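Containing mmCIF, C-alpha atoms: start05.cif.
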```cif
data_coords
loop_
_atom_site.label_atom_id
_atom_site.label_comp_id
_atom_site.auth_asym_id
_atom_site.auth_seq_id
_atom_site.Cartn_x
_atom_site.Cartn_y
_atom_site.Cartn_z
CA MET A 1 71.32 110.14 135.17
CA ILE A 2 73.34 110.40 131.93
CA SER A 3 76.72 108.73 132.64
CA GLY A 4 79.25 108.97 129.76
CA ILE A 5 82.90 107.82 129.54
CA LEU A 6 84.41 111.07 130.88
CA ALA A 7 87.22 112.12 128.50
CA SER A 8 88.84 114.86 130.60
CA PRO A 9 88.04 116.68 133.92
CA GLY A 10 86.77 120.31 133.87
CA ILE A 11 83.43 122.05 134.58
CA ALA A 12 82.10 124.30 131.77
CA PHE A 13 78.77 126.14 131.17
CA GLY A 14 77.16 126.93 127.79
CA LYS A 15 74.08 126.57 125.52
CA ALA A 16 73.50 123.31 123.59
CA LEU A 17 74.49 123.71 119.91
CA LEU A 18 72.87 120.84 117.98
CA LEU A 19 74.18 120.12 114.46
CA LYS A 20 71.18 119.36 112.21
CA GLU A 21 71.75 118.35 108.55
CA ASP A 22 69.12 117.75 105.85
CA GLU A 23 69.39 114.32 104.23
CA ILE A 24 70.62 114.35 100.60
CA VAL A 25 68.10 113.15 98.00
CA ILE A 26 69.33 111.61 94.73
CA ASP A 27 67.33 112.20 91.52
CA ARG A 28 66.66 108.91 89.66
CA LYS A 29 65.14 110.51 86.53
CA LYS A 30 66.60 109.26 83.22
CA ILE A 31 68.09 112.10 81.12
CA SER A 32 68.40 112.31 77.32
CA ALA A 33 71.63 112.42 75.29
CA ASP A 34 71.15 116.19 75.02
CA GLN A 35 71.62 116.81 78.78
CA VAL A 36 74.46 114.24 79.03
CA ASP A 37 77.01 116.94 78.12
CA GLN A 38 75.82 119.00 81.11
CA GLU A 39 76.42 116.11 83.52
CA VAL A 40 80.10 115.80 82.50
CA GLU A 41 80.68 119.55 83.05
CA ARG A 42 79.21 119.45 86.55
CA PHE A 43 81.32 116.37 87.28
CA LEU A 44 84.60 117.52 85.72
CA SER A 45 83.99 121.08 86.92
CA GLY A 46 82.85 119.87 90.36
CA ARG A 47 86.19 118.12 90.75
CA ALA A 48 87.74 121.54 90.08
CA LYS A 49 86.17 122.94 93.27
CA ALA A 50 86.15 119.70 95.30
CA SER A 51 89.85 119.14 94.59
CA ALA A 52 90.46 122.65 95.87
CA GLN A 53 88.27 122.39 99.01
CA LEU A 54 89.67 118.97 99.96
CA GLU A 55 93.18 120.23 99.18
CA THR A 56 92.73 123.17 101.58
CA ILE A 57 91.43 120.93 104.39
CA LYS A 58 94.41 118.63 103.93
CA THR A 59 96.67 121.46 105.10
CA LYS A 60 94.39 122.24 108.02
CA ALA A 61 94.82 118.67 109.23
CA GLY A 62 98.60 119.18 109.14
CA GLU A 63 98.60 122.69 110.64
CA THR A 64 95.95 121.75 113.23
CA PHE A 65 97.15 118.31 114.45
CA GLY A 66 100.53 117.95 112.63
CA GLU A 67 101.98 116.19 109.56
CA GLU A 68 100.94 112.85 111.11
CA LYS A 69 97.27 113.52 110.21
CA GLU A 70 98.04 115.35 106.94
CA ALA A 71 99.08 112.05 105.29
CA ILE A 72 95.57 110.59 105.86
CA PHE A 73 93.87 113.44 103.98
CA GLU A 74 96.43 113.24 101.15
CA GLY A 75 95.34 109.65 100.47
CA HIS A 76 91.67 110.64 100.10
CA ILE A 77 92.61 113.16 97.39
CA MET A 78 94.32 110.38 95.38
CA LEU A 79 91.01 108.47 95.21
CA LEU A 80 89.19 111.45 93.67
CA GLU A 81 92.03 111.97 91.14
CA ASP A 82 92.28 108.23 90.31
CA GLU A 83 92.05 108.00 86.53
CA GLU A 84 90.41 104.62 87.01
CA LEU A 85 87.37 105.83 88.92
CA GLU A 86 87.00 108.72 86.46
CA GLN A 87 86.56 106.38 83.45
CA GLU A 88 83.97 104.29 85.31
CA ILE A 89 81.90 107.27 86.51
CA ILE A 90 81.95 108.81 83.01
CA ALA A 91 80.88 105.52 81.37
CA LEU A 92 77.89 105.12 83.72
CA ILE A 93 76.51 108.53 82.75
CA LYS A 94 76.90 107.90 78.98
CA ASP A 95 76.38 104.09 79.10
CA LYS A 96 73.47 103.91 81.61
CA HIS A 97 72.15 107.43 80.99
CA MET A 98 72.44 108.27 84.72
CA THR A 99 72.80 111.74 86.26
CA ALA A 100 76.22 112.78 87.62
CA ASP A 101 74.85 112.59 91.16
CA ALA A 102 73.29 109.19 90.53
CA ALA A 103 76.26 107.65 88.69
CA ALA A 104 78.71 109.03 91.27
CA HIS A 105 76.80 107.55 94.24
CA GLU A 106 76.84 104.06 92.64
CA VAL A 107 80.66 103.95 92.54
CA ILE A 108 80.89 105.35 96.09
CA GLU A 109 78.36 102.73 97.20
CA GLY A 110 80.87 99.90 96.53
CA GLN A 111 84.09 101.73 97.56
CA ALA A 112 82.71 102.18 101.07
CA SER A 113 81.17 98.69 101.36
CA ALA A 114 84.44 97.07 100.20
CA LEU A 115 86.50 98.79 102.90
CA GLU A 116 84.04 97.59 105.56
CA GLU A 117 84.96 93.97 104.74
CA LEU A 118 88.49 94.63 105.99
CA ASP A 119 89.00 94.21 109.76
CA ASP A 120 91.61 96.99 110.19
CA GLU A 121 91.11 100.26 112.10
CA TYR A 122 92.84 102.20 109.31
CA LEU A 123 91.10 100.53 106.33
CA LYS A 124 87.75 100.42 108.20
CA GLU A 125 87.91 104.10 109.06
CA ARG A 126 88.79 104.70 105.44
CA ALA A 127 85.37 103.27 104.60
CA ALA A 128 83.56 106.01 106.50
CA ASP A 129 86.00 108.73 105.35
CA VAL A 130 85.58 107.62 101.73
CA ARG A 131 81.79 107.90 101.94
CA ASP A 132 82.29 111.47 103.13
CA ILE A 133 84.18 112.26 99.90
CA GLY A 134 81.12 111.23 97.87
CA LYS A 135 78.80 113.38 100.00
CA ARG A 136 80.98 116.45 99.33
CA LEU A 137 80.76 115.88 95.57
CA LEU A 138 76.96 115.49 95.73
CA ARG A 139 76.57 118.66 97.80
CA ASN A 140 78.63 120.65 95.26
CA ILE A 141 76.87 119.33 92.10
CA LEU A 142 73.42 120.27 93.51
CA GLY A 143 74.64 123.58 94.94
CA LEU A 144 73.50 122.61 98.44
CA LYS A 145 74.31 125.16 101.17
CA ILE A 146 77.50 124.20 103.11
CA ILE A 147 77.54 124.55 106.92
CA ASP A 148 80.51 126.70 107.98
CA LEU A 149 81.23 125.57 111.54
CA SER A 150 84.20 127.98 111.77
CA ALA A 151 81.82 130.97 111.62
CA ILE A 152 80.51 130.59 115.17
CA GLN A 153 80.53 133.94 117.07
CA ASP A 154 79.15 132.86 120.45
CA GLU A 155 81.14 130.40 122.56
CA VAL A 156 78.89 127.37 123.25
CA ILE A 157 79.07 123.58 123.74
CA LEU A 158 79.17 121.41 120.57
CA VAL A 159 76.76 118.43 120.69
CA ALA A 160 76.52 115.84 117.89
CA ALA A 161 75.95 112.09 117.53
CA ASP A 162 79.37 111.83 115.88
CA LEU A 163 81.83 113.97 113.85
CA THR A 164 83.92 112.69 110.90
CA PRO A 165 87.71 113.42 110.83
CA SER A 166 87.20 116.02 108.07
CA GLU A 167 84.63 117.97 110.09
CA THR A 168 86.77 117.71 113.24
CA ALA A 169 89.94 118.70 111.37
CA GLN A 170 88.25 121.95 110.23
CA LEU A 171 86.45 122.60 113.54
CA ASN A 172 87.57 125.88 115.20
CA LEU A 173 88.94 125.02 118.66
CA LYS A 174 88.83 128.70 119.68
CA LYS A 175 85.03 129.02 119.27
CA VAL A 176 84.02 125.68 120.87
CA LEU A 177 84.14 125.42 124.69
CA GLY A 178 84.09 121.58 124.69
CA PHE A 179 82.75 118.52 122.80
CA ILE A 180 79.91 116.21 123.95
CA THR A 181 78.80 113.49 121.48
CA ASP A 182 77.17 110.03 121.78
CA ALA A 183 80.20 108.12 120.36
CA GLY A 184 81.79 106.44 123.41
CA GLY A 185 84.36 104.21 121.66
CA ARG A 186 88.17 103.97 121.47
CA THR A 187 87.81 104.50 117.72
CA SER A 188 85.78 107.69 118.25
CA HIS A 189 87.75 110.54 116.60
CA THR A 190 86.13 113.08 118.95
CA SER A 191 87.75 111.31 121.92
CA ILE A 192 91.16 111.71 120.26
CA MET A 193 90.76 115.52 120.16
CA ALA A 194 90.12 115.55 123.89
CA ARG A 195 93.20 113.42 124.73
CA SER A 196 95.55 115.59 122.64
CA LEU A 197 93.90 118.84 123.76
CA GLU A 198 93.06 117.67 127.30
CA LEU A 199 89.94 119.90 127.09
CA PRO A 200 86.96 118.70 129.23
CA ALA A 201 84.87 116.27 127.14
CA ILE A 202 82.49 113.29 127.13
CA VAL A 203 81.44 110.81 124.36
CA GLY A 204 79.22 108.10 125.90
CA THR A 205 76.18 110.38 126.07
CA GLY A 206 74.15 107.41 124.81
CA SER A 207 71.09 109.15 123.29
CA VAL A 208 71.30 112.80 124.46
CA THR A 209 71.25 113.92 120.81
CA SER A 210 67.72 112.47 120.62
CA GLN A 211 66.62 114.26 123.84
CA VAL A 212 68.15 117.76 123.55
CA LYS A 213 67.60 120.52 120.97
CA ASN A 214 69.88 123.40 119.98
CA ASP A 215 69.88 126.28 122.52
CA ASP A 216 69.22 124.00 125.51
CA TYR A 217 71.16 125.08 128.63
CA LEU A 218 73.58 122.27 129.67
CA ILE A 219 76.19 122.09 132.45
CA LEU A 220 79.21 119.79 131.96
CA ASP A 221 80.41 118.53 135.38
CA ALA A 222 83.42 116.54 134.13
CA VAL A 223 83.75 115.50 137.82
CA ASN A 224 81.10 112.92 138.75
CA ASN A 225 80.36 112.05 135.10
CA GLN A 226 76.89 113.70 134.90
CA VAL A 227 75.29 116.36 132.65
CA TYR A 228 72.32 118.50 133.82
CA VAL A 229 69.53 119.40 131.34
CA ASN A 230 67.32 122.43 132.04
CA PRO A 231 68.84 123.08 135.53
CA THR A 232 67.15 125.56 137.89
CA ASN A 233 68.88 128.85 138.77
CA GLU A 234 69.37 127.60 142.34
CA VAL A 235 71.24 124.53 141.08
CA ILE A 236 73.41 126.62 138.73
CA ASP A 237 74.66 128.74 141.64
CA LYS A 238 75.75 125.58 143.50
CA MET A 239 77.86 124.30 140.57
CA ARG A 240 79.25 127.75 139.72
CA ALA A 241 80.81 128.01 143.17
CA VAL A 242 82.45 124.55 143.12
CA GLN A 243 84.46 125.13 139.90
CA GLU A 244 85.25 128.71 140.82
CA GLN A 245 86.27 127.76 144.37
CA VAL A 246 88.92 125.49 142.81
CA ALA A 247 90.63 128.41 141.01
CA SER A 248 90.89 130.33 144.29
CA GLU A 249 92.29 127.29 146.14
CA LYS A 250 95.23 127.17 143.70
CA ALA A 251 96.33 130.69 144.70
CA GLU A 252 96.17 129.81 148.42
CA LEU A 253 98.39 126.73 147.88
CA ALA A 254 101.28 129.04 146.93
CA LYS A 255 101.19 130.64 150.42
CA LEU A 256 101.17 127.27 152.24
CA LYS A 257 104.72 126.38 151.14
CA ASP A 258 106.41 128.76 153.63
CA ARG A 259 104.86 127.32 156.84
#
```

Spell out the structure here as structure tokens.
Amino acid sequence: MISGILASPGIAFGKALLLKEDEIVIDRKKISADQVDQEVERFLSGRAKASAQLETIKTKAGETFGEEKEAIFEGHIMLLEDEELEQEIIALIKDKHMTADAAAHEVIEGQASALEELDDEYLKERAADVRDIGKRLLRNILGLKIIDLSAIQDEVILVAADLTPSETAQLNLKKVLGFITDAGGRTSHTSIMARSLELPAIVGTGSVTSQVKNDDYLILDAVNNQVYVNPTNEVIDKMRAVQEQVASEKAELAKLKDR
């Protein structure tokens, strides 16, 4: 079947919520000196909103997990406000006649690749987290729609190949019944949420993200390390009784202490 790494015990039932994102496309058209002024406004002005959005998330990381994680997000903000990167990005637009989205991606292309050459869990993770900062800037300059994961109204299971610390830091723990992703690794941030929250979870799904679609009915067994896809009603009744029978057994244990 599908055997994952089992993060925490606990049976849960819910629909599959797949997170689908459209790839970002960069425009490589060369602009004229007349539109160059517009690129700087979108860039300088974009930082106005990006600095604010990233700044708000920074607090969520501290109010959600504690000051220990808040320091990591504070460092990312320093990169965006580095006066050094600003001069380089501005020069590329005016020197190479590149669009703000195009010039910005070039700088981000080397910042991420450079961090990958370091063999440290902190610096390496910074490579992936830094790339995320560039994606946020690109999404704001083009006015791309932003997915608000905190606006979920139906409790369901969250399924994704992997979540980045920023997305996990802003995830709403009250609207998600559990997490099931295909990132079985000690460095998987999703696994860390499960250990601190002890909520039932799995990460070594392997390739379930490539075999399930949003709205699929999934049962998390968190007992024998197996997930059921498209289970029959007869099978659902069998699993529903096992988890529920456990809750009733706890009440009976209180009466067995007097004999």

Reference answer for the PyMOL selection byres ((chain A and resi 145-162) around 9), as a PyMOL selection string: chain A and resi 12-21+139-140+143-144+163-164+167+170-183+188-190+203+205-210+214+218

Nearest-residue call for residue 213 in chain A, choices A:132, A:238, A:99, A:229, using only C-alpha atoms: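 Once distances to residue 213 in chain A are computed over only C-alpha atoms, the minimum belongs to A:229.
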
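One finds CA of residue 33 in chain A at 7.6 Å from CA of residue 97 in chain A.
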
Atom-to-atom span, CA of residue 1 in chain A and CA of residue 237 in chain A, Å: 20.0 Å

Selection near range 75-79 of chain A, 9 Å with all atoms listed in the file, sequence-local residues under 5 positions removed, as a list in words: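 Once the adjacent positions are removed, what remains is residues 51, 54, 55, 58, 85, 126, 129, 130 and 133 of chain A.
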